[PDB]
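Chains as they are written, first to last, in PDB author numbering: chain B, 7 to 501; chain A, 7 to 501; chain D, 128 to 252. First comes the structure, then the notes that go with it.
Written out as structure tokens, the structure reads:
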């Protein structure tokens, strides 16, 4: 349409604005819907349509409200129970993190890549102090998938001179979408269109120590000895799947036995979300390689980190350029990360995550037994929780109904029936009660709805006998579950 | 030793400081050397030793000086002829980019991942306006290697239902170090320790249209039909290798003929460095997929972009989650990118890059004819230039001698004899002449140096006349050529 | 007796014989010899020629070049490449590029005259 200069200028004018009048708002929303349709992806528009009602599919981000709230272009405020799928552990625009990023921005945002940058050393030292056991050396990148790529490359550089090439992952796992990481990721629909991927990747059931022992033993028998095992301590996109107690310990023991490396993917569970700094600290398990991202950026910067023992990381000492990345370890990202570690440790946000997590999960379990017609079960650990519903449509209506009540929730990439609850660790108790009540009203509306459909498909009743039921349902919506009871109580007698 | 909290607190105290006293500086440099040794990589310390003399290996970054200068922890100012290997096209802490990043930081740094974020739409529209031909849809990530990963995955999703799986790259190419991108990258030492990589990747000589035609025709004959060809318009890491005029056009025609996709990797050559916004505009060639990073962040943010035609990008419309990335398209990075596009277009920095590039390359070629004993050839296009020396030791001494004169230069990952000159496009004419003069003094010192060694190693010489010879060598450097001859004149006469 | 006879009958240092039952099996044994010799030396990729035929067992089929013979059974062995038959510069290019990228060639396999290609004669030398 217009020249690139005009577009950029308009964009900067809109970046400098702090509030919008409604004709400004309507024009901007119309613009972003158009440019999403013609330059980003129209599929996204259809998806949000499936998780909203009416023009709610077209809510546009504008600004962080408070630590735990987001404000769209219309001034509507939302409680964030999504947390960017584990990004905003210390809330939105955390004053400490914003302050550090602002100071380093005043000093120097990106490094020369040639001279020694001090914040990379400081952050590496901090992470060595913060990680269990012999985890000592850190490599910095910009995303979770990049961290997993660095983990895989470390394992390969260490194990290939030892005649081991095959990797074991678990079904339902997610480790990123770059081709290397995608070889470990387990969701069929994510992988099939891009096959062939890396050779020698195998998957076993998550939480099943005997299956994994079988895989390692068979790989040894056939000469395809396993270089590394990679897993999440708790599967995020699988629907917040908790392994049996002692699973991580048994996996460590197994890797020690077969001489395979243990790669723990804590991209989602890390930085205090599960009640401790890292999920592996629940069992005092130290992997050979640990993957971090998301929350490590403090909800301000993109960052990833791959920490390893000196024994394995030493494969990069002779040639320090064997693995690099363009922006990795830039001063802005490092400042963000250091500020985030400081905030988490000074406010003991892991413990808070355990308390608030217990409270929210208590509420969700009570709602789960009150609504077994819609909720299958609620699960979680710390502030990483999920509610699995009976259908996908049901969980869809839940996401929509929560969005209408201005509480942000979203689904899970590998589980279509599950809705995740992943709010900031700074979520207040008041907002905890508010989100529990919001969930209650959501489930109530959904029960009314499923009753309303089920009454329409019952075969053994006349054309006007339903209309009395629909009528009574709508203007007197109180006889609800018990009403549905009445409906079938006539349908089965008329059968 | 110390807790993570103490380390973080110290790091933030140091982020808030703007200058360092002498003893604070000595303690910080000692700290950063230690933590690099024990937590980052000791190999880096050895590398910087190989490109410096004495404590120069231990210069620590601190702050951007001006648009084109960097200041270490000791207050020493360096002219940046490295530009972060193509990152700082608009200089360091560009006021426009810093301003946009600060405004968006005041609103919201990272997006929810659920709602529509407006700056992603704005940037996608801007890039559609700025890119040649039918390049229309953009996917945003955080690095060059991620952009190449998205390019490969687009090609795979498009070509796998058409029975095409193999990829053609070129020798000397660099496309990233994530395993997917690493399958395309061509440098042996980067790839061997991590094999096996993706199957079906082949390489042909860069700039050789008949070799590539041979590869495609043989792949068709054997049923391994090529899905895509990926190449840089000018190989940056290969030593700034220029293809014959018309090569890119012929590659486009060839891909059109065989029904393969053309992936142009402009991670390094993009954003005005080669005298035009994209290098592909020199021949008016539109690829199917275009890769951007580095300079697109304005030297403030990490960002990557993969732009494609609707025909190819439409493979993600039915399932918009088929390829995603955690931080991709965050508001901070988008603000940076829009600011950079604005700066480049408003100050016509591409044309400036052509002018200053021509001037610097003229100077380097003159120095090349004056010093054929050290310089093999100088080459470049716009402000992407390189000087290839006779050996690696020579180019090493050049990098060191330029570092001592406080001009920043570095080598190229795929070429050990070549030193790249990649300064900001905002480099001023005064600094251009200063860099030419610095190169002259460097080459002079290197010639006097090689003379000094050759005089030092002659075996048919006692100690007295050797002391006289190097004494004279110091006291009259312009006689360097003659005395060395004299030295051998005598080293032969007593053999 | 047959191994000794073949040693007497073959040019130069060809000395040891392995006996199988078919051409494709002979090519399989050739490939396995090359692999066992070159894998401890860090070389894995094989170069064949277009129009070549070396058998239809999967190993040999990786070297065989006819599209219709191979496509329905892909994926085959990794690291097999083809260059035009009789073109020494193309093959030199393949070997040099394989060395540059760290995919060093373990072996080159070819017929002295391509039978199924239509009795294709290479240039003298």
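Ideal Cβ placement from N, Cα and C applies to all residues, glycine included.
For residue 183 of chain B, three-class secondary structure by DSSP: Residue 183 of chain B sits at position 177 when you count from the first residue of the first chain. It is coil, neither helix nor strand.
Cβ of residue 229 of chain A within 7 angstroms of any chain D Cβ: As a working note, residue 229 of chain A is residue 223 in the second chain. Yes - at least one Cβ of chain D is within 7 angstroms of the one on residue 229 of chain A.
Contacting residues, own chain, Cβ-Cβ under 6 angstroms from residue 182 of chain D (five flanking each side not counted): Indexing the third chain from 1 puts residue 182 of chain D at position 55. Excluding positions up to five away in sequence, the list reads 150, 151, 154.
Below-7 angstroms beta-carbon distance, residue 187 of chain D vs any chain A residue: As a position in the third chain, residue 187 of chain D is number 60, starting the count at 1. Chain A, which has no Cβ nearer than 7 angstroms to the Cβ of residue 187 of chain D, makes this no.
Per DSSP, cross-strand counterpart(s) of residue 144 of chain A: Numbered from 1 along the second chain, position 138 holds the residue referred to as residue 144 of chain A. A/313.
Cα-Cα separation, residue 44 of chain A to residue 37 of chain A: Position 38 of the second chain, counted from the start, is the residue given in the question as residue 44 of chain A. Position 31 of the second chain, counted from the start, is the residue given in the question as residue 37 of chain A. One C-alpha to the other measures close to 11 angstroms.
Short-range partners of chain D found in the region 53 to 86 of chain A, where Cβ spacing is below 9 angstroms: none
Residue environment, residue 98 of chain B, which counts as buried when at least 16 other CB atoms sit within 10 Å: Reading the first chain from its first residue, position 92 is the one you call residue 98 of chain B. It is buried - the Cβ of residue 98 of chain B has at least 16 other Cβ atoms within 10 Å.
Extent of the continuous alpha helix (DSSP H) run through residue 113 of chain A: For the purposes of this step, residue 113 of chain A is identified with residue 107 of the second chain, where counting begins at 1. Note, residue 113 of chain A: alpha helix (DSSP H), 101 to 113.
Positions along the region 418 to 440 of chain A whose CB lies within less than 7 angstroms of some CB in chain D: none
Minimum Cβ-Cβ distance from residue 224 of chain A to chain D less than 7 angstroms: In the second chain, the residue the question calls residue 224 of chain A occupies position 218. Yes, contact with chain D.
Below-7 angstroms beta-carbon distance, residue 166 of chain D vs any chain A residue: On the third chain, residue 166 of chain D is found 39 positions in, with the first residue counted as 1. False, the Cβ-Cβ gap to chain A never drops below 7 angstroms.
DSSP-derived helix/strand/coil call for residue 212 of chain B: Residue mapping note: residue 212 of chain B aligns to position 206 of the first chain, counting from 1. Three-state DSSP puts residue 212 of chain B in coil, outside helix and strand.
Contacts of residue 402 of chain A in chain B (Cβ-Cβ under 8 angstroms): Translated into positions along the second chain, residue 402 of chain A becomes position 396. In chain order: nothing, as chain B lies at least about 14 angstroms away.
Cα-Cα separation, residue 225 of chain D to residue 169 of chain D: Here residue 225 of chain D corresponds to residue number 98 of the third chain, with the count starting at 1. Here residue 169 of chain D corresponds to residue number 42 of the third chain, with the count starting at 1. Those two C-alpha atoms are separated by around 12 angstroms.
Reduced DSSP secondary structure (H/G/I, E/B, other) of residue 431 of chain B: On the first chain, position 425 is the one that residue 431 of chain B refers to. Coil.
Neighbourhood of residue 293 of chain A by C-beta distance below 7 angstroms, restricted to the same chain and skipping five residues each side: For the purposes of this step, residue 293 of chain A is taken as the residue at position 287 of the second chain. Closer than 7 angstroms at Cβ, skipping near neighbours: 268, 269, 270, 286.
Residue environment, residue 33 of chain B, which counts as buried when at least 16 other CB atoms sit within 10 Å: Numbered from its first residue, the first chain carries residue 33 of chain B at position 27. Label assigned to residue 33 of chain B: exposed.
Contacting residues, own chain, Cβ-Cβ under 6 angstroms from residue 274 of chain B (five flanking each side not counted): On the first chain, residue 274 of chain B is found 268 positions in, with the first residue counted as 1. So the list reads 92, 242, once near-sequence residues are dropped.
Residue range of the unbroken alpha helix (DSSP H) whose run includes residue 129 of chain A: Position 123 of the second chain, counted from the first residue, corresponds to residue 129 of chain A. Its alpha helix (DSSP H) spans residues 124 to 136.
Residue interval of the alpha helix (DSSP H) (run including residue 78 of chain A): Counted from its first residue, the second chain places residue 78 of chain A at position 72. Taken as a continuous stretch (DSSP letters only), residue 78 of chain A belongs to no alpha helix (DSSP H), being part of the beta strand (DSSP E) at 75 to 78.
Nearest candidate by alpha-carbon position, reference residue 175 of chain D, set D/231, D/235, D/205, D/247: What you label residue 175 of chain D is simply residue 48 of the third chain in a count that begins at 1. Comparing Cα-Cα distances from residue 175 of chain D to each of D/231, D/235, D/205, D/247, the minimum goes to D/235.
Between the CA atoms of residue 263 of chain B and residue 396 of chain B - distance to the nearest angstrom: In the first chain, the residue the question calls residue 396 of chain B occupies position 390. In the first chain, the residue the question calls residue 263 of chain B occupies position 257. So the alpha carbons of these two residues sit roughly 41 angstroms apart.
Reduced DSSP secondary structure (H/G/I, E/B, other) of residue 273 of chain A: On the second chain, residue 273 of chain A is found 267 positions in, with the first residue counted as 1. It is coil, neither helix nor strand.
Contact between the region 189 to 199 of chain A and the region 192 to 200 of chain B (3+ Cβ pairs under 8 angstroms): no
Residue 385 of chain A in three-state terms, based on DSSP: For this step, residue 385 of chain A is matched to residue 379 along the second chain. Reduced to three states, the DSSP call for residue 385 of chain A is strand.
Extent of the continuous beta strand (DSSP E) run through residue 417 of chain B: Translated into positions along the first chain, residue 417 of chain B becomes position 411. That run of the beta strand (DSSP E) goes 416 to 418.
Separation of residue 96 of chain B from residue 6 of chain B, as counted between CA atoms: Nothing can be reported for residue 6 of chain B: it is not among the residues displayed for chain B, which extend from 7 to 501.
Start-to-end residues for the alpha helix (DSSP H) that takes in residue 295 of chain A: Here residue 295 of chain A refers to the residue found at position 289 when the second chain is read from its first residue. It is not in any alpha helix (DSSP H) - residue 295 of chain A instead sits in the beta strand (DSSP E) that spans 295 to 298.
Residues that residue 421 of chain A bridges to, as DSSP identifies them: As a working note, residue 421 of chain A is residue 415 in the second chain. Note: residue 421 of chain A sits in a beta bridge opposite A/418.
Assumed close pair residue 351 of chain B, residue 10 of chain A - CB separation to whole angstroms, cut-off 8 angstroms: Numbered from 1 along the first chain, position 345 holds the residue referred to as residue 351 of chain B. Numbered from 1 along the second chain, position 4 holds the residue referred to as residue 10 of chain A. Confirmed, about 6 angstroms.
Positions along the region 197 to 210 of chain A whose CB lies within less than 8 angstroms of some CB in chain D: 197, 198, 201, 202, 205, 208, 209, 210
Three-state class that DSSP yields for residue 562 of chain B in the structure shown: Beyond the ends of chain B as shown, which are 7 and 501, falls residue 562 of chain B; an answer cannot be given.
Chain A contact residues for residue 329 of chain B, given Cβ-Cβ distances below 7 angstroms: Here residue 329 of chain B refers to the residue found at position 323 of the first chain. Those within 7 angstroms of residue 329 of chain B in chain A are 183.
Residue from B/266, B/452, B/466 with nearest C-alpha to residue 377 of chain B: As a first step, residue 377 of chain B must be located in the first chain, where it is residue number 371. Comparing Cα-Cα distances from residue 377 of chain B to each of B/266, B/452, B/466, the minimum goes to B/452.
Reference residue 471 of chain B; option with closest CA among B/456, B/331, B/494: Your numbering for residue 471 of chain B matches position 465 in the first chain. Residue 471 of chain B has its Cα closest to that of B/494, out of B/456, B/331, B/494.
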